[PDB]
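Structure 1 and structure 2, given next as structure tokens, are two forms of the same protein chain, each shown alone.
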Structure 1
């Protein structure tokens, strides 16, 4: 396969610099509550880190311009514009978070090679960096295939910049793991292509186990408990003991990843399968409060159903108690689903408060720290 991973540069900060170009010459960070969730490259050179506490950021970089990024409407809107632009190149585009997309270019590459003539194959040319500086063998089929990929990735980024004013990086490789690992080698606004003989050099470069996809905090804790603390430890661990510890498909998967093998296909994401709205806070402790919060969250949600075309057939309420989340969910009554000029707030809040009182014993003190509404089962 030829796979591309496209990753937008400091995405939230970029959207803000487009929303307000008075900002693009200054160090800029996007704040959510007490965290600077991301910042532009001017800020990073001054020592601002992703997800940095506001106190640390004020002390380190008092010049930092901070814009509030708690409302994701604009980021979400730009995000979908990006994947839909990419869907002009191939029908199958896999989203990861708001600012990453994978595309399987192998169909398109194969078409381009068929169209190619004898004299200008000579004469195929790289777009962007070649990982680890290795030289292209224009006589190697796989090399040619990846170079054509790099040219497409270049056209993708050109379309993005022209149509949307957005800059990002791309990585081109034989699978999703590798494409995503290589896209960030040169940052920001650059692209790199991974040729197969230097794949092993790329996986060697990983310093920590949590740098493998799908190995989060909990999985790393499990592996730590089996004596596996590093990537080489994982490569080196008995497959059969690991299968009898994590399960067959998880063990085989995460072990393949550590040798750079990833056969997962690129899957079309499409529109969200669920919309939610949420807010975190120090204390909710009353039903009256937690009602007003829900009404607010629900109001935002209803604006988004309206946009979208499909109707939710279920609603989910989510809480976080002081000191993970809890949810209940239930079906939305058929008569409420036909809403779109009527009063849907009242029966919807009625349902959500029943869900709330099911989870929270209001006859006794409580103390929430997050509330989310969610619409799912979308038809």
Structure 2
């Protein structure tokens, strides 16, 4: 019961989409801008020292000939992201999305159908496609090695189909679980693929420098670990199960330690259609107030249309806000409510604006002036 998982990772996704629309950008160094930020940039601009989530000024002062395009509206990038998933879904139905530009696919069944199709005389013609992690030697008598190679071939067909059908280039990694597949897809980039043979799993896991580099250990947990004297993957492999549990809870503790040995038994889940649809807008305390109402019509108008196209219906609405000052209490507030059934299905705007407005007043004292740096609307709980 050993698995063959692939993880697909598109290079500089937003920038790829922009370069495809307007090829006059193909060669100019390029950055996708949202508010005062460069969210992502193309491979030219990385050479020139530009980095993700570097502010627009710094970015000019590191490459003054940087061409900027606004990527605040995600429609185009969202659309392409589902084209990619659907294409992978043709290979094996069971595809898991992670943000807009990553997918996992469980290739185990396909690897097996393909192996059954070969007889014993070509089981030695099976070769690898792309890189072998750490240059490890292949052993054709090892069935795990054989399965992973067929994996690497299926991964190659997926990358070729993505390029031929949608114009997108990307990396893939093939491995025995999601964690390893994701760690190894990054080893050669851009636009290349790597396969991880089992013997090299400790080599891979120990190549990391910071324990935050393990998917599943975020900002909070890292920071908690560092303060316990846990810095390397090895520190975490070797630390007291007992003290860790007590510091994180048998859940978080027992899972991140398993992760630390490269062990990860989570299955690849079919993502299908989204569980929620939301729109945001950020500002430098640029709302107080009434203007909130306008801002909230905008998001709403855009969403209604997205939720119409889908043709499932939301049965809950949520309104999210954030308050001014500063490096302090920067956690957010929200208020949700069921959407009246009469409404579930022109003119839908007006009633909606009002629910939203009521939700708004529940949160903000609209007498003593307000400090708003974010407005968000979410539709969810659909069927």
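Numbering follows the first chain given and starts at 1. Think of the rigid core as the biggest set of C-alphas that the two forms share within 1.5 Å after superposition.
With the core held fixed by superposition, the comparison between structure 1 and structure 2 singles out 285 as the only member of 285, 189, 73, 292 whose CA moves by at least 2 angstroms. After superposition on the rigid core, displacement of the C-alpha of residue 88 between structure 1 and structure 2 stays below 2 Å. Once both forms are fitted on their rigid core, the CA atom of residue 225 lies 2 Å or more apart between structure 1 and structure 2. Relative to the superposed core, residue 119 has its Cα moved 2.1 Å between structure 1 and structure 2. Superposed on the rigid core, the forms differ at residue 20: its CA is offset by 0.9 Å between structure 1 and structure 2. Core fit done between structure 1 and structure 2; CA of residue 241 shifted by 2.0 Å.
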